[PDB]
Every structure is written in structure tokens, then in C-alpha cells.
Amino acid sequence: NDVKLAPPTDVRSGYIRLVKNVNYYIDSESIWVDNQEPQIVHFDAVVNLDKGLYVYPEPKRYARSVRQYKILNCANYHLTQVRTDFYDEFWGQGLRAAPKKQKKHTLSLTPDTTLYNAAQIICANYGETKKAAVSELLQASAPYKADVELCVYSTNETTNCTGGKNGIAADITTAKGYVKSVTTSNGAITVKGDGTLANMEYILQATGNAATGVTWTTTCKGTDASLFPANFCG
């Protein structure tokens, strides 16, 4: 038949308008992310209709809303529509029409696209640190500093306080996390960052001995040395 609907004027809790169409909502409560793929955001869009769609076995029953299951890749702004469901109540609830085949399709959300700003917002909230990374870079030298001090008290010199000698652990030459490498030579521990910290490096140098006192200097290098914590760099 032909039924005219009056879509709800007030926004239901958990739904939000982010596009020109006031009857098209993002269902905030539906949003989920798998932490193993942290830039891939799963969500439903919901449209409240202004005319019923007769898509049920019973010829008098009609849909009042549509729920579209979407996947947004925040790394490349690709948006995939996965499934479309028709519901007999507003807000994508109630009895669901029989499933139809979705021509699964993906598109790139460039700045002219209707959903571009909605995607920016979804990504800001769900699609994904630096201080914790820098802390790990600092912690990398800790075991080596301890090893070098032990060496200096035992041997009475900084010469030969080198990785793989005098109880000093071997140099780390395999990148792991934010640490590219840790090397120790003659009382100098050189730490280089990796990835986001690739432009950060520091050198901890031991000088002296028991009688003079064992002193440490910290020298920082790299274009991003400004990211080191207050008072760290000498």
C-alpha cells in the first residue's frame, strides 16, 4: 500500500546526526573495534524513513527504518557497506525483513563525500603513546648502566666496560618496539630510537672510578631530541 511516516524529531540516546540528512544517524552504541586491527571501526548507520517499505511476507507490514552495517578503515578512509537490514520500528529495531544479498562495496571518503566529516569524528573517537614510547627508550639503558657501574668498581676503569665483557650484557642490535639498538663501549651506552622515535638518540657516558667518583653524562642527538623528558639531556 502507501503509508506516510512522521520520523522522530528528537534524537534517541546513543544516536547522533553528523550529515545533512537529519534522519540519518550514526549508532554510537553499536561502535566496536578489535584491538588487533585498531584502525578498523565497525558501526551501524540508521535511517528513519518518511514512507513505509513493504518488504515482509505479510503484505500489510512495512519497514519504518533501515540499519546499514559499515566498516571504516581509518588508515585509508575506505568505507565498506557490509549489510542492509529493514526494521518495522524506528531506530533500526523490531522485526527484521528477510535477508537479501549485499553487493559488498568499498569507497574512498575524500573531502567532498557526504560521510567525510562523520568519518573524521568516528576515527577521532575510535580509530586511534608518545611519552610512554620515550619512557621505554629511557628504560632501555637501565640494565646496561647498572652493569657498567659494577664493571667500574670491579676493574677500576671505564676502558673495557663494553658489551659482552665484564658482566655487561651483549649489545642489542635487533630493533624491538621503539628501541632500534643499545650498544656499550668503554663506558658509553648508545641508545637509538626506532619507528616514531627514529630521530632520537642518547649516549650515557661513565667517567672516573671509585676514588674520583663515578660520574655520568647524558648527551642527546637527533632532530626530535626535544621529545626527551625535562632535565634528561645534559
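Residue positions are given as counts along the sequence shown, with the first one as 1.
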Count, per the entry, the deposited residues between residue 89 and residue 90 that are not modelled, and return the matching class: none, 1 to 3, 4 to 9, or 10 or more. none
Averaged over C-alpha atoms, is the B-factor higher for 49-57 or for 25-33 in this PDB entry? 49-57
Give the stretch, out of 149-157 and 117-125, with the larger mean C-alpha temperature factor in the deposited entry. 149-157
Comparing C-alpha B-factors across 71, 98, 138, 95 in this entry, the winner is 98
Of 182, 170, 66, 188, which one's C-alpha B factor is largest in the deposited record? 170
Taking the values exactly as deposited, rank residue 76 by C-alpha B-factor within its chain and report the matching third: lowest, middle or highest. lowest
Can you work out whether the C-alpha temperature factor of residue 142 puts it in the lowest, middle or highest third of the chain? middle
For residue 111, the third of its chain into which the C-alpha B factor falls: lowest
Third of the chain, ranked by Cα B-factor, where residue 17 sits: lowest
Could you place residue 174 in the lowest, middle or highest third of its chain by Cα temperature factor, using the values in the record? highest
